[PDB]
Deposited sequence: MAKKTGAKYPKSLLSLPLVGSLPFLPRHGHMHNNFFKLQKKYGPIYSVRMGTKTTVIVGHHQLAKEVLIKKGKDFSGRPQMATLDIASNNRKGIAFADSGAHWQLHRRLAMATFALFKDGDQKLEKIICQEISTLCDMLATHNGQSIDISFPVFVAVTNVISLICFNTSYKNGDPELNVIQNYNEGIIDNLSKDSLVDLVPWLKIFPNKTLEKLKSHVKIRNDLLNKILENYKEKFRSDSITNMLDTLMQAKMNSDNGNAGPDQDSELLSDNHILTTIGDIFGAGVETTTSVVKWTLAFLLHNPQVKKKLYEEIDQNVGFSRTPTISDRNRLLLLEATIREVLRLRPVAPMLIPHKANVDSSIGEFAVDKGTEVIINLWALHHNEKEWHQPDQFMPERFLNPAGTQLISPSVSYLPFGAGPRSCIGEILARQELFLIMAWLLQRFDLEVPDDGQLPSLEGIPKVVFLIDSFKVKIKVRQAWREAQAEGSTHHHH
């Protein structure tokens, strides 16, 4: 006969305890695969089942193609310009399309995507080779390689080794990622509006520096540019721009700031995602020597040492394809994609969703659904193979590492080639070992905009059999 306390507020688990994406997924046992939390005025819906997710992303994909406002995203996107963090509409549709259309200047020519990639991988391998017998962090050499790839695709410039501008990019990259969100993007409680903090101030200084740096390349490129040379991304965007004076409906959408941010998004997305996945891949091979050995045998049997690996090679290095697929399952780069938002009054699984409501797909939930996968916690590349190991299969519909629909990733083709190639070249040539202290990388992860792995070292060695075939 004692009374319930008045309740001003309720949350279903602790903030800043454990990973968000896993917290949400544990909740699916009591509350089912779809539920909502209310923050002040803002309502957020979380979706943990492939069918409900495919509804959000494909079937009613335009209804949910929105992105919410966040004070952090604002600053990194110079107030919702660019692609990723721009809302649905005029500006987004064009720049998305333009960047997608650029991926075609590399279908097959002097600058075939596979060539640009390989030349930068050749360099990575030569730099790696001098560290023969040593334990190292590979984060930066890889970062360089994929920075040059993304540079070549953007500007047709790359950097010489030792170019200081690389270390500057690295610094502001680490900064922006660090301050963009504490953990995940999805912030149950908005602490940054509650307690005095320096977070937005920090982030403006890093982005100011990124902006300064891309502004230099932009002005200076105005000289090189010619309307009868479309070889790279800035040319796609400037060609579209002077295609906006007739007697101009697309000129407002392509100011220098709009162009800045778009390149920024591609420059960033291009570097940080794939470096993380490479780091994640080595980490998994270090914990799984049996898979590593079977990767050596496969590359030996099928490529051998007579030449260097090729895009065509994905048709015979099947276990390598399956490993990548399984790193993308088990540690998805974006475990909750990026937040969607209802453009209009709509529904999911026939529940009402109001215009402007935040919608998150829990990719991690999909990728660990125990009804959809055998032993979802486990690193099992075999799961993407038929039992005899002679062909790739799709064991589950509950698999969307690159998302789906209108907000899907535009960099999948680039990402996929890059990752297979980097891993292929690295295996052909290097023994990759636990460094001389028995320290194995933690596989827990660090959720930010990208799902990162704690930094770690590998003992790098030139392969017996690679030196053999050098006589």
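Not built in the structure, per the record, are deposited positions 1-11, 259-262, 487-494.
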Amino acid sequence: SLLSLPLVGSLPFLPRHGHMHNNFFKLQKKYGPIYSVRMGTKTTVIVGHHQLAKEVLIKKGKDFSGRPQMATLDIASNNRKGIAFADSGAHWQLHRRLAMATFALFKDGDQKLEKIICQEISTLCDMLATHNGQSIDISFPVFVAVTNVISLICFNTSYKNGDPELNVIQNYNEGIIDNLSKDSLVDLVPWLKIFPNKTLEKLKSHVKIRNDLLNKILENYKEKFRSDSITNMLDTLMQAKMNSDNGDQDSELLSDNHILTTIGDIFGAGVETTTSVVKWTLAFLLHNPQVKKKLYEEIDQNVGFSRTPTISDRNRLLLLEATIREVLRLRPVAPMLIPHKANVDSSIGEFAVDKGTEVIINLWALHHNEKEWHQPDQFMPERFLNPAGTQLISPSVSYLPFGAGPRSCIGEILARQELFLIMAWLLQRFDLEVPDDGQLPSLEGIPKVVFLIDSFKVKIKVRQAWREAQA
From here on, numbers count along this sequence of modelled residues.
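So that the term is clear: the rigid core is the largest set of C-alpha atoms that superpose within 1.5 Å between two forms.
Root-mean-square C-alpha deviation from the shown form, taken over all structures in 6 other deposited structures of this protein superposed by the rigid core, is larger for 103-111 than for the alternative among 205-213 and 103-111. Greater average departure of CA atoms from the shown form, over structures and residues in 6 other deposited structures of this protein after a core fit, characterises 181-189 among 325-333 and 181-189. Omission of residue 249 is seen in a third or more of the other entries compared for this protein where the adjacent residues are built. Two stretches are in play, 272-280 and 151-159, and the higher mean C-alpha B-factor belongs to 151-159.
Note on 256-264 vs 108-116: mean CA B-factor is higher in 108-116. Remark: of 341, 307, 329, 206, 307 shows the highest value [criterion: C-alpha B-factor in the PDB entry]. Of the candidates 362, 288, 301, 179, the PDB record gives 301 the highest C-alpha temperature factor.
Among the modelled residues of its chain, residue 411 has a C-alpha B-factor that falls in the middle third, as given in the PDB entry. Looking at the C-alpha B-factors along this chain, the one for residue 228 belongs to the highest third. The deposited CA B-factor of residue 438 belongs to the middle third of values across its chain. Split the chain's modelled residues into thirds by C-alpha temperature factor. Residue 336 is in the lowest one. Among the modelled residues of the chain, residue 41 sits in the highest third by CA temperature factor in this PDB entry.
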